[PDB]
Structures are given as C-alpha cells and as structure tokens.
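A.B. asks: Structure supplied as structure21.cif; contents: mmCIF, C-alpha atoms and all ligand atoms.
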```cif
data_query
#
loop_
_atom_site.label_atom_id
_atom_site.label_comp_id
_atom_site.auth_asym_id
_atom_site.auth_seq_id
_atom_site.Cartn_x
_atom_site.Cartn_y
_atom_site.Cartn_z
CA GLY A 16 45.97 23.85 -197.77
CA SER A 17 44.64 24.76 -201.24
CA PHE A 18 41.64 23.01 -202.84
CA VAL A 19 40.69 25.05 -205.93
CA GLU A 20 38.71 21.86 -207.56
CA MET A 21 36.23 22.07 -204.64
CA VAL A 22 35.71 25.86 -204.24
CA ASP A 23 32.21 26.98 -205.23
CA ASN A 24 30.97 23.37 -205.57
CA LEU A 25 27.69 24.14 -203.75
CA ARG A 26 24.54 25.78 -205.04
CA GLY A 27 21.06 26.22 -203.57
CA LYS A 28 17.88 28.27 -203.33
CA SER A 29 17.03 30.30 -200.21
CA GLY A 30 15.55 28.17 -197.41
CA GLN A 31 15.89 25.03 -199.55
CA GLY A 32 19.35 23.86 -198.48
CA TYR A 33 22.72 23.70 -200.24
CA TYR A 34 23.37 20.88 -202.71
CA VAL A 35 26.41 19.28 -204.38
CA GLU A 36 27.19 17.34 -207.56
CA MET A 37 27.64 13.58 -207.12
CA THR A 38 27.67 10.68 -209.55
CA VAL A 39 26.42 7.17 -208.77
CA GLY A 40 26.68 3.92 -210.72
CA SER A 41 28.63 2.68 -213.72
CA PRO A 42 28.30 4.47 -216.07
CA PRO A 43 28.03 7.61 -213.86
CA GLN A 44 24.51 8.94 -213.11
CA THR A 45 24.67 12.62 -212.07
CA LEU A 46 22.47 13.92 -209.23
CA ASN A 47 22.21 17.01 -207.07
CA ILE A 48 22.55 16.04 -203.43
CA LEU A 49 21.59 18.13 -200.37
CA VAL A 50 24.40 18.64 -197.84
CA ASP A 51 23.00 17.72 -194.41
CA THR A 52 25.18 17.54 -191.32
CA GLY A 53 22.07 16.80 -189.17
CA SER A 54 21.48 13.32 -190.62
CA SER A 55 23.63 10.30 -191.43
CA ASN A 56 22.06 8.53 -194.47
CA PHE A 57 23.04 9.00 -198.10
CA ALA A 58 19.61 8.62 -199.71
CA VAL A 59 18.59 9.46 -203.30
CA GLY A 60 15.35 9.44 -205.29
CA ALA A 61 15.04 6.29 -207.41
CA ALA A 62 11.49 6.55 -208.80
CA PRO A 63 9.13 9.08 -210.42
CA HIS A 64 7.92 12.00 -208.28
CA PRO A 65 6.33 15.34 -209.30
CA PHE A 66 8.94 17.63 -207.68
CA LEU A 67 11.78 15.36 -208.74
CA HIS A 68 12.68 15.17 -212.39
CA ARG A 69 15.83 13.03 -212.56
CA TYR A 70 16.56 10.04 -210.32
CA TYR A 71 18.74 7.01 -209.59
CA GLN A 72 18.15 4.14 -212.05
CA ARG A 73 19.57 1.06 -210.33
CA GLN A 74 18.86 -1.27 -213.25
CA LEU A 75 21.25 0.86 -215.38
CA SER A 76 24.26 0.47 -213.02
CA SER A 77 26.60 -2.48 -213.58
CA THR A 78 28.08 -1.81 -210.11
CA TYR A 79 24.78 -1.64 -208.19
CA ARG A 80 24.19 -4.21 -205.43
CA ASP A 81 20.89 -4.86 -203.62
CA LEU A 82 21.11 -5.22 -199.85
CA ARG A 83 17.60 -6.77 -200.02
CA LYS A 84 16.48 -4.69 -197.00
CA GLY A 85 14.07 -1.74 -196.77
CA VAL A 86 14.47 1.43 -194.72
CA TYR A 87 11.85 3.80 -193.32
CA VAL A 88 12.67 7.32 -192.14
CA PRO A 89 9.85 9.15 -190.37
CA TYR A 90 10.43 12.62 -188.89
CA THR A 91 8.81 15.87 -187.66
CA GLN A 92 6.62 16.85 -190.65
CA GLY A 93 7.06 14.00 -193.14
CA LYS A 94 8.56 10.66 -194.12
CA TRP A 95 10.76 8.99 -196.71
CA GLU A 96 11.04 5.28 -197.48
CA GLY A 97 13.20 3.09 -199.71
CA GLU A 98 15.40 0.10 -200.51
CA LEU A 99 18.98 -0.26 -199.22
CA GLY A 100 21.82 -0.97 -201.65
CA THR A 101 25.37 -0.04 -202.64
CA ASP A 102 27.12 1.45 -205.65
CA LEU A 103 30.28 3.28 -206.66
CA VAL A 104 30.03 6.98 -205.88
CA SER A 105 32.11 10.04 -206.82
CA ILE A 106 31.94 13.85 -206.52
CA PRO A 107 33.07 15.54 -209.82
CA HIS A 108 34.21 18.71 -208.01
CA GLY A 109 35.43 16.79 -204.96
CA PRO A 110 38.43 14.57 -204.20
CA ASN A 111 39.52 12.62 -207.29
CA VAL A 112 38.28 9.27 -205.94
CA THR A 113 35.54 6.73 -206.49
CA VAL A 114 34.20 4.79 -203.50
CA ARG A 115 31.56 2.15 -202.90
CA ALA A 116 28.97 3.27 -200.32
CA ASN A 117 25.54 2.59 -198.82
CA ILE A 118 22.84 4.25 -200.94
CA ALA A 119 19.19 4.40 -199.92
CA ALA A 120 17.09 4.27 -203.08
CA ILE A 121 13.94 6.24 -202.23
CA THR A 122 10.58 4.84 -203.44
CA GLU A 123 7.92 6.54 -201.29
CA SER A 124 8.02 10.25 -200.46
CA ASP A 125 5.81 12.53 -198.39
CA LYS A 126 6.58 16.22 -197.88
CA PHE A 127 10.29 15.57 -198.49
CA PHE A 128 11.33 16.62 -202.00
CA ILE A 129 10.73 20.35 -202.28
CA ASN A 130 9.28 21.91 -205.46
CA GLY A 131 11.80 23.64 -207.76
CA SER A 132 14.69 22.75 -205.41
CA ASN A 133 16.90 20.96 -207.96
CA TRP A 134 18.22 18.42 -205.38
CA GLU A 135 17.29 14.76 -205.85
CA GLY A 136 18.76 13.21 -202.71
CA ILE A 137 20.48 13.86 -199.40
CA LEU A 138 24.01 13.34 -198.12
CA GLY A 139 23.85 12.88 -194.36
CA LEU A 140 27.32 13.79 -193.10
CA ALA A 141 27.00 13.08 -189.38
CA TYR A 142 27.58 9.88 -187.38
CA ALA A 143 26.48 6.26 -187.57
CA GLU A 144 24.74 6.61 -184.15
CA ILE A 145 21.67 8.25 -185.82
CA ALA A 146 21.79 6.35 -189.11
CA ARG A 147 18.67 4.44 -190.19
CA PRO A 148 17.72 1.68 -189.89
CA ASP A 149 20.56 1.35 -187.37
CA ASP A 150 24.07 2.56 -186.52
CA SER A 151 25.63 -0.31 -188.43
CA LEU A 152 24.67 1.29 -191.76
CA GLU A 153 27.93 3.11 -192.47
CA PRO A 154 27.46 6.77 -193.48
CA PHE A 155 29.11 7.94 -196.77
CA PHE A 156 31.88 10.06 -195.27
CA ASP A 157 33.20 7.12 -193.21
CA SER A 158 33.23 4.93 -196.29
CA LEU A 159 35.05 7.70 -198.18
CA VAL A 160 37.69 8.07 -195.47
CA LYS A 161 38.20 4.28 -194.94
CA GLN A 162 38.55 3.54 -198.69
CA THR A 163 41.02 6.37 -199.48
CA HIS A 164 43.79 8.54 -197.98
CA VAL A 165 41.38 11.50 -197.59
CA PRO A 166 41.72 13.06 -194.12
CA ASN A 167 38.85 12.76 -191.68
CA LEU A 168 37.75 16.34 -192.22
CA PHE A 169 35.34 18.47 -194.17
CA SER A 170 34.65 22.22 -194.10
CA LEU A 171 31.65 24.25 -195.23
CA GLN A 172 31.43 27.77 -196.56
CA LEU A 173 27.77 28.63 -197.18
CA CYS A 174 26.98 32.04 -198.71
CA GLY A 175 23.62 33.79 -198.29
CA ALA A 176 22.20 36.22 -200.86
CA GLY A 190 26.18 29.29 -203.40
CA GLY A 191 29.26 28.06 -201.53
CA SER A 192 32.02 25.49 -201.02
CA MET A 193 32.46 22.03 -199.49
CA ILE A 194 36.11 21.07 -199.01
CA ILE A 195 36.43 17.38 -198.38
CA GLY A 196 39.67 16.44 -196.62
CA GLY A 197 40.94 19.92 -195.95
CA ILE A 198 40.80 23.40 -194.62
CA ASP A 199 41.02 26.10 -197.46
CA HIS A 200 42.51 29.21 -195.86
CA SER A 201 41.20 31.44 -198.71
CA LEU A 202 37.59 30.84 -197.72
CA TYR A 203 37.97 32.81 -194.46
CA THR A 204 39.90 35.42 -192.51
CA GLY A 205 41.04 35.76 -188.90
CA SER A 206 41.65 32.67 -186.78
CA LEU A 207 39.93 29.34 -186.61
CA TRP A 208 38.59 28.62 -183.14
CA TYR A 209 37.48 25.08 -182.25
CA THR A 210 34.74 23.75 -179.99
CA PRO A 211 34.63 20.03 -178.89
CA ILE A 212 32.17 17.69 -180.51
CA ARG A 213 30.43 16.71 -177.20
CA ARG A 214 29.28 13.31 -178.46
CA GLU A 215 29.37 11.70 -181.92
CA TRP A 216 25.83 11.49 -183.21
CA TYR A 217 24.81 14.89 -184.42
CA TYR A 218 27.67 17.34 -184.41
CA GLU A 219 26.53 18.18 -180.83
CA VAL A 220 28.40 21.06 -179.14
CA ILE A 221 28.01 23.19 -175.96
CA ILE A 222 26.85 26.83 -175.71
CA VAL A 223 27.81 28.59 -172.48
CA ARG A 224 26.55 32.18 -173.03
CA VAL A 225 24.20 34.08 -175.31
CA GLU A 226 24.27 37.83 -175.97
CA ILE A 227 22.01 40.20 -177.90
CA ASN A 228 24.06 43.35 -178.69
CA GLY A 229 26.31 42.35 -175.78
CA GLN A 230 23.50 41.97 -173.22
CA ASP A 231 23.58 38.65 -171.42
CA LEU A 232 20.42 36.53 -171.49
CA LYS A 233 21.49 35.89 -167.88
CA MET A 234 20.13 32.40 -168.16
CA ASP A 235 21.23 29.10 -166.60
CA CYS A 236 23.40 27.86 -169.47
CA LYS A 237 21.86 24.36 -169.34
CA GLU A 238 18.83 26.04 -170.92
CA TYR A 239 20.91 26.80 -174.05
CA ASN A 240 21.69 23.12 -174.66
CA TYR A 241 18.37 21.59 -173.48
CA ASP A 242 18.35 18.82 -174.52
CA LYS A 243 21.13 19.45 -177.03
CA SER A 244 22.84 22.00 -179.30
CA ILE A 245 23.69 20.78 -182.83
CA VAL A 246 25.33 22.17 -186.00
CA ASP A 247 22.99 21.29 -188.92
CA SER A 248 23.58 22.54 -192.50
CA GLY A 249 20.18 21.00 -193.44
CA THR A 250 18.18 23.37 -191.25
CA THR A 251 17.61 26.95 -192.43
CA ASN A 252 16.81 28.73 -189.16
CA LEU A 253 18.54 29.17 -185.87
CA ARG A 254 16.21 27.18 -183.64
CA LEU A 255 16.32 27.77 -179.88
CA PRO A 256 14.62 26.06 -176.88
CA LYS A 257 11.22 27.60 -176.02
CA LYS A 258 12.63 29.23 -172.85
CA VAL A 259 15.71 30.64 -174.63
CA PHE A 260 13.64 31.65 -177.69
CA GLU A 261 11.19 33.79 -175.71
CA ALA A 262 13.93 35.72 -173.89
CA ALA A 263 15.88 36.12 -177.12
CA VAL A 264 12.92 37.61 -179.00
CA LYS A 265 12.07 39.77 -175.99
CA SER A 266 15.64 41.12 -176.15
CA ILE A 267 15.72 41.53 -179.97
CA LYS A 268 12.33 43.25 -179.79
CA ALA A 269 13.56 45.76 -177.22
CA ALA A 270 16.79 46.43 -179.18
CA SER A 271 15.03 47.14 -182.49
CA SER A 272 12.09 48.98 -180.86
CA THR A 273 12.41 52.26 -182.86
CA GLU A 274 10.45 50.41 -185.57
CA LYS A 275 7.73 47.93 -184.53
CA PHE A 276 6.47 44.77 -186.25
CA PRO A 277 3.41 42.57 -185.84
CA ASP A 278 3.57 39.53 -183.52
CA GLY A 279 3.24 37.46 -186.72
CA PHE A 280 6.59 38.66 -188.09
CA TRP A 281 8.39 37.44 -184.98
CA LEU A 282 6.69 34.04 -185.32
CA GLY A 283 8.42 33.57 -188.71
CA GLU A 284 5.23 34.03 -190.73
CA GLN A 285 4.64 37.61 -191.95
CA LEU A 286 7.26 39.13 -194.27
CA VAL A 287 8.48 42.65 -193.65
CA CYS A 288 9.53 44.98 -196.46
CA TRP A 289 11.39 48.24 -196.94
CA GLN A 290 12.06 50.10 -200.17
CA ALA A 291 14.98 48.64 -202.13
CA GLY A 292 18.36 49.47 -200.58
CA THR A 293 16.85 51.15 -197.51
CA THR A 294 16.98 48.20 -195.11
CA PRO A 295 17.86 49.47 -191.62
CA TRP A 296 20.11 46.55 -190.68
CA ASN A 297 21.67 48.68 -187.93
CA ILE A 298 18.44 48.97 -185.93
CA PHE A 299 18.52 45.17 -185.47
CA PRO A 300 20.82 43.64 -182.86
CA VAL A 301 23.82 41.38 -183.22
CA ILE A 302 23.50 37.88 -181.74
CA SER A 303 26.48 36.15 -180.13
CA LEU A 304 26.93 32.54 -179.04
CA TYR A 305 29.88 31.73 -176.81
CA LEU A 306 30.89 28.11 -177.42
CA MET A 307 32.94 25.85 -175.16
CA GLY A 308 36.66 26.01 -176.04
CA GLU A 309 39.44 23.41 -176.45
CA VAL A 310 41.16 24.49 -173.23
CA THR A 311 39.77 24.37 -169.71
CA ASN A 312 37.90 27.51 -168.68
CA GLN A 313 38.07 29.13 -172.14
CA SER A 314 35.23 30.03 -174.47
CA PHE A 315 35.27 31.88 -177.79
CA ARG A 316 32.24 33.66 -179.28
CA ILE A 317 30.62 33.70 -182.68
CA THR A 318 28.62 36.76 -183.61
CA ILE A 319 26.01 36.93 -186.42
CA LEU A 320 24.18 39.94 -187.94
CA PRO A 321 20.59 40.66 -188.88
CA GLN A 322 21.73 39.96 -192.49
CA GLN A 323 22.08 36.36 -191.31
CA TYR A 324 18.84 36.00 -189.30
CA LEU A 325 16.71 38.04 -191.72
CA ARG A 326 16.22 35.84 -194.77
CA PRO A 327 15.50 37.49 -198.15
CA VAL A 328 12.27 36.65 -200.00
CA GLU A 329 10.90 37.77 -203.39
CA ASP A 336 10.89 46.34 -202.24
CA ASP A 337 13.40 44.28 -200.30
CA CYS A 338 11.48 41.75 -198.19
CA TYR A 339 12.50 39.61 -195.25
CA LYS A 340 11.46 36.66 -193.10
CA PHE A 341 12.61 36.22 -189.49
CA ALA A 342 14.79 33.11 -189.34
CA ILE A 343 14.85 32.34 -185.61
CA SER A 344 12.19 29.93 -184.34
CA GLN A 345 11.13 27.99 -181.29
CA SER A 346 12.36 24.43 -180.74
CA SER A 347 11.30 21.54 -178.53
CA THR A 348 14.33 19.37 -179.41
CA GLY A 349 17.10 21.85 -178.48
CA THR A 350 19.33 24.40 -180.20
CA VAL A 351 19.77 23.82 -183.92
CA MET A 352 22.60 26.02 -185.27
CA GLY A 353 21.29 26.13 -188.82
CA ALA A 354 22.17 28.00 -192.02
CA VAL A 355 21.46 31.40 -190.46
CA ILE A 356 24.47 30.72 -188.23
CA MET A 357 26.56 28.78 -190.73
CA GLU A 358 26.28 31.54 -193.34
CA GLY A 359 28.54 33.85 -191.35
CA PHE A 360 31.37 31.37 -190.86
CA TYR A 361 33.78 28.92 -192.40
CA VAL A 362 32.80 25.91 -190.34
CA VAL A 363 35.48 23.23 -190.15
CA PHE A 364 34.11 19.66 -189.25
CA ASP A 365 37.25 18.13 -187.82
CA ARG A 366 36.08 14.59 -187.09
CA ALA A 367 39.71 13.49 -186.66
CA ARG A 368 40.33 15.69 -183.59
CA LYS A 369 36.72 15.61 -182.46
CA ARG A 370 35.89 19.29 -182.92
CA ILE A 371 34.11 21.97 -184.99
CA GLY A 372 36.11 25.02 -186.09
CA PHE A 373 34.60 28.44 -186.76
CA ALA A 374 36.11 31.38 -188.67
CA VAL A 375 34.63 34.56 -190.10
CA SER A 376 33.51 33.68 -193.65
CA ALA A 377 35.16 35.63 -196.51
CA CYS A 378 31.91 35.20 -198.48
CA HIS A 379 29.53 36.44 -195.77
CA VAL A 380 26.85 39.09 -196.17
CA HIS A 381 27.29 42.23 -194.11
CA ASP A 382 27.01 46.03 -194.40
CA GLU A 383 29.93 48.47 -194.61
CA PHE A 384 29.72 49.06 -190.85
CA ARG A 385 29.34 45.63 -189.20
CA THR A 386 30.94 42.29 -189.87
CA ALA A 387 30.29 38.85 -188.42
CA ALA A 388 33.00 37.82 -185.97
CA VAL A 389 34.88 35.05 -184.17
CA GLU A 390 36.68 36.27 -181.05
CA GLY A 391 38.41 34.68 -178.04
CA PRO A 392 39.41 33.65 -175.53
CA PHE A 393 37.10 34.36 -172.61
CA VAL A 394 37.43 33.04 -169.08
CA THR A 395 34.38 30.87 -168.44
CA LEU A 396 34.13 28.71 -165.32
CA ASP A 397 32.26 25.37 -165.09
CA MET A 398 31.48 25.07 -168.82
CA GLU A 399 30.71 21.30 -168.68
CA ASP A 400 27.79 22.16 -166.41
CA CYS A 401 26.31 23.74 -169.55
CA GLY A 402 25.38 20.35 -171.06
CA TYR A 403 21.99 18.69 -170.30
CA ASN A 404 21.71 14.92 -169.68
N1 LIG A 501 19.11 17.62 -190.15
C1 LIG A 501 17.84 17.09 -190.41
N2 LIG A 501 17.77 16.26 -191.51
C2 LIG A 501 16.58 15.68 -191.86
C3 LIG A 501 16.55 14.85 -192.97
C4 LIG A 501 15.35 14.25 -193.34
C5 LIG A 501 14.21 14.49 -192.61
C6 LIG A 501 14.24 15.33 -191.49
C7 LIG A 501 15.43 15.93 -191.11
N3 LIG A 501 15.50 16.77 -190.00
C8 LIG A 501 16.71 17.36 -189.63
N4 LIG A 501 16.76 18.21 -188.49
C9 LIG A 501 17.74 18.02 -187.39
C10 LIG A 501 16.98 18.03 -186.08
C11 LIG A 501 15.55 18.30 -186.43
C12 LIG A 501 15.59 18.85 -187.85
#
```
Could the structure of this file be written out as structure tokens, please?

C.D. replies:
Amino acid sequence: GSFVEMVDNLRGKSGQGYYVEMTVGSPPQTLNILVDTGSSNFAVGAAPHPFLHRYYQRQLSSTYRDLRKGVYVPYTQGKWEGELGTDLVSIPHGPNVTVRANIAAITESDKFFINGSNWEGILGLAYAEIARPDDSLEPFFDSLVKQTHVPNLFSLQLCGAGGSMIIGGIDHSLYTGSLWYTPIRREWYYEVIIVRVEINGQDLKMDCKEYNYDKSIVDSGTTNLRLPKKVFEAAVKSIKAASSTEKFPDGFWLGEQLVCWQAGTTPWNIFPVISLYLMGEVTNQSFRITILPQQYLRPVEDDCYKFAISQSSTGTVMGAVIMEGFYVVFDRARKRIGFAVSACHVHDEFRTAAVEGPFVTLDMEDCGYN
C-alpha cells in the first residue's frame, strides 16, 4: 500500500479548508478544489467573482455537456447557485485516470468563496442521499469508482500548523500504530456513533444519545469540533475547570477573543486532552480517539490562538480539529471509517494524540438518536 504520487497533494490556509488540484475539460483547465466530506456535490466557479480569480470556462471545453438544469444550494449562512453539466475530470496528483462526472458550474455566490483562499470549487465526497438537487445526481467519487478499477476507498491526512488525499488506498507511511474502524451508521454524511466523551479522562457522565443528537458526522469541510448545546456546555465547563490555573474571558470560550502568550511559551499542558470513544466493529467494543489542545487551539496571526470547539444545533460535527490528529480512512467498501494516529500531527514533546482500544462498552446502538 504505497501511493507516493498522492502524498502531500493537499494545501490550505488555517480555517479555510484543505484543497486539491483537479483538471476539468478538454484541454485541461486546472482548479483548486476544496475537499469536503460533509457534502456530495462537485461544484466549481464558472463566472467572475471578486474572491475568485480563475474559473471553469465551459465554452472552452470540447468535452463539456449541458444538462440544461439549474441547481440551488442554500445553507446555514449563505447560498450558491449554478447550472448542471458534465465534463472529463482528472486529478494530476491522484490516480492516473480521467473520468466523466457531474459538475455544477456556479453562477451566483453569496458568502461562499472565501477571500484569499485559493480554492475555486468544492469536491463533496459523501453520499448521493444529500446531493442537490436530488440523490440521483451522482457524486464524483462514485463516478470515479464505477468508471475505473480504483477501490471504493479514500484516506485523509490533514496537517495543522498541508496534507495528503490517497484515493483508492491506505498509505501506511502516513500514520503509526493501528487503524481502528467505526461503522458508517447510515450513508448520507459519514455519520458515526460516539458512546463516551472524556476530558483528561473524566467522563462527561452523560446519556450517550446526547453525543449523537441528532447525529455525529465526520466533515473535512468544517474547521471546528462542533458539539450539541447540552454536550458543549458540559465540555467547556470541564475544560474550564481543568485549565483553571490560568483564566480567560467568557468571549474566548465562545470562539471570538484570541488569546496570546509570548512566542514559544504556550502552556499546552495546562489544557486538557479530549477523548471520543467511537462504536467499534465488534459487538460491545469501542476504541477511543484522543486529541490535544494543539488540535482544538487554532493558530492565528506573540503566539495567538482561537478556541475551535463551538456549539451546534444540528449534532456533532467532527471537523478539522479532530481530523488533524489522525489518518482517517474512508472505507466506503466495508462501510466504515478508520482512525490512526497521524504521523504529521502537531504535538509537544510530552503528549501525543492517540488511538487506543478495545474497551468493553455495553448497549452502544442505544447511543444513536432517531
Ligand atoms: N460539510 C459542509 N459543506 C458545506 C458546503 C457548502 C455549504 C455549506 C456546507 N456546510 C457543511 N457542514 C456540514 C453540516 C453543517 C456544516
């Protein structure tokens, strides 16, 4: 399992996602595409926009095809809108293959393209269920798999402060220890089940349904770890108490105010370690993943930091803060998500992120909410 073409094929600014090189059309038109496992449309900019600079030019592709059908994607704090079509796609530092796929050519934007982000489009890598306009618009990865011999599998190493996407394979060099897998509960988002939460080993002692209310997803297109209101409050209460030797304003905890120490003097060790126990492959087994303050304290330009754990009303989003500690294998073929300690993860001399198991956990499928 060696994939040296694909290693280090991701780049990205802090809090502005991780993107990848893709070409579309004939002749090839290069674009930087956000890697988003929380959506299922491959959409790209196809018109002028201030924060864009390059874009898809459909009238220059001899292989473009118009599906003569619009698509409208509203969401939490914005919208994008565009015209459906198809065209040959490739990934220069990906599998050596060209495939025809659904492309959404974006024409209206609103709080979507981010200034100085250097990505021009989005590659939704999750399931048809949540594709727009409807689940019959085949997402790119499916197309890729069905048109080639590429296994139904991708893995993501994301490094805090670049990273790798391996399509079709697990690269052992990107991580150490063992891979541990958790079931994909249902195939829309990469939904999975959390059965226990610990701050420095203290249980939140919470009815585990609260952890997945009304779902727990793995989303590379979300920066923060987002937790359900109820879980969030208890988590911050516990993190507060554990780092209480130094105190911060309410505003820091709400993800607003930065906090700064002199360069190189960051007291990582006063902040607690956060562990999520995920449902295992075998009955009555969980494994845990364990992330550091280095993961949930996001650097900003003294060394300055922004708290990267926020409230949610739509359930647990396991974002980049979580993904940055782990090689995360997206094993669609066997319906499961594999975690291993990332070889590229940020940590101090004294504490590392971790992936340990097994643990005896009874009644784990009570931990999902319906
Ligand atoms: N993963 C997400 N992708 C998006 C793409 C476009 C617009 C909004 C998006 N929101 C996402 N999140 C997953 C659940 C809520 C946030």

A.B. asks: Between A:388, A:212, A:171, A:86, which one has atoms that come closest to residue 366 (chain A), using only C-alpha atoms?

C.D. replies: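 Looking only at the distances to residue 366 (chain A), the closest residue turns out to be A:212.
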
A.B. asks: Could you make a table, as a tab-separated table, of the residues of chain A that have an atom within 8 Å of an atom of ligand LIG 501 (chain A), each with its nearest atom pair and distance in Å to one decimal, counting all atoms listed in the file, in chain and number order?

C.D. replies:
```
residue	atom	partner	partner_atom	distance
A:51	CA	A:LIG501	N1	5.8
A:52	CA	A:LIG501	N1	6.2
A:53	CA	A:LIG501	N1	3.2
A:54	CA	A:LIG501	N2	4.8
A:88	CA	A:LIG501	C5	7.3
A:89	CA	A:LIG501	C5	7.2
A:90	CA	A:LIG501	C6	5.3
A:91	CA	A:LIG501	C6	6.7
A:92	CA	A:LIG501	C6	7.8
A:93	CA	A:LIG501	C5	7.2
A:94	CA	A:LIG501	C5	7.0
A:95	CA	A:LIG501	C5	7.7
A:127	CA	A:LIG501	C5	7.1
A:137	CA	A:LIG501	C3	7.6
A:139	CA	A:LIG501	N2	7.5
A:245	CA	A:LIG501	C10	7.9
A:247	CA	A:LIG501	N1	5.5
A:248	CA	A:LIG501	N1	7.1
A:249	CA	A:LIG501	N1	4.8
A:250	CA	A:LIG501	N1	5.9
A:348	CA	A:LIG501	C11	7.2
A:351	CA	A:LIG501	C10	6.8
```

A.B. asks: Have a look at A:232, A:363, A:243, A:376 and name the one nearest to residue 261 (chain A); count all atoms listed in the file.

C.D. replies: A:232

A.B. asks: Just to confirm, what's the straight-line distance from CA of residue 314 (chain A) to CA of residue 373 (chain A) in Å (one decimal)?

C.D. replies: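 Spanning CA of residue 314 (chain A) to CA of residue 373 (chain A) is a straight-line distance of 12.4 Å.
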
A.B. asks: Mind listing as a list in words all residues within 9 Å of (21.9, 28.7, -190.7), counting all atoms listed in the file?

C.D. replies: residues 173, 246, 247, 248, 249, 250, 251, 252, 253, 323, 324, 342, 351, 352, 353, 354, 355, 356, 357, 358 and 359 of chain A

A.B. asks: Would you pick out the contacts of residue 118 (chain A) at 6 Å or less, using only C-alpha atoms, so that residues sharing its chain but fewer than 5 positions from it are not included, and give the list as a VMD selection string?

C.D. replies: chain A and resid 57 to 58 100 to 101

A.B. asks: Rounded to one decimal, what separation in Å do you get between CA of residue 263 (chain A) and CA of residue 277 (chain A)?

C.D. replies: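 CA of residue 263 (chain A) sits 16.5 Å away from CA of residue 277 (chain A).
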
A.B. asks: Would you mind telling me which residue in A:204, A:130, A:41, A:272 lies nearest to residue 67 (chain A) when using all atoms listed in the file?

C.D. replies: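 Once distances to residue 67 (chain A) are computed over all atoms listed in the file, the minimum belongs to A:130.
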
A.B. asks: Counting all atoms listed in the file, which of A:238, A:383, A:397, A:23 gets nearest to residue 202 (chain A)?

C.D. replies: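 Selected residue with least distance to residue 202 (chain A): A:23.
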
A.B. asks: From the set A:347, A:167, A:76, A:117, which residue has the shortest atom-to-atom contact distance to residue 242 (chain A), counting only C-alpha atoms?

C.D. replies: A:347

A.B. asks: Of the residues A:37, A:371, A:221, A:59, which is the one nearest to residue 112 (chain A), using only C-alpha atoms?

C.D. replies: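 For residue 112 (chain A), the nearest of the candidates is A:37.
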
A.B. asks: Using all atoms listed in the file and a cutoff of 8 Å, can you tell me which residues are near (31.2, 28.6, -178.5) in the file's coordinates, and write them out as a PyMOL selection string?

C.D. replies: chain A and resi 210+221-223+304-308+314-317

A.B. asks: Could you please determine the separation between CA of residue 337 (chain A) and CA of residue 134 (chain A) in Å, to one decimal place?

C.D. replies: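 Distance between the two atoms: 26.8 Å.
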